[PDB]
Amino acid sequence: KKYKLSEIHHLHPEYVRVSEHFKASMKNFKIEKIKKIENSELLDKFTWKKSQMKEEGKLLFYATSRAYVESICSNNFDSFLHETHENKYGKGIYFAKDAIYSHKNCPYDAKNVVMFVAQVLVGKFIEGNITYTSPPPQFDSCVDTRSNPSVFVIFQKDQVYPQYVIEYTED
């Protein structure tokens, strides 16, 4: 097993911060649990890539089925296996600035949905294009818009570290 998941108590400061970030857009919802992911092999790849890119992680959202938790936590997000978003901005993994975007676009029954939070290295971004299977040269990600970027399309696993899994329900 490549990873460990650990529940964070709801009064721990790390839970509070993750919850505030989620609730910034997820108004009508309560958090049932937050677990932190540790996977040293994924973390080491991400740390190296961050240094290479000259970038800092940003926490972005990714809604999926509970069925994929073990796979993502051990092997990272995979465009082919995982991605449900329509190809609007390129054939990569679609991360959201706002949790509600990932929530409302997820195709799974609410009883199956979990919200990942991932550290993502976005680097230099450009508007995406449906014909892109990688960003243009000198860009590291694609977006919906450069002036209000709210979806980030990532084409390499080492730009991502799965960090938290959030279980939530309507409230």
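Just count from 1 along the sequence shown to find any residue number.
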item: Mean C-alpha B-factor comparison - 156-164 and 20-28, higher one; value: 20-28
item: Of 132-140 and 102-110, the stretch whose C-alpha atoms average the higher B-factor in the entry; value: 132-140
item: Top residue by Cα temperature factor, when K33, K36, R146, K54 are compared in the entry; value: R146
item: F95, C-alpha B-factor rank within chain (lowest, middle or highest third); value: lowest
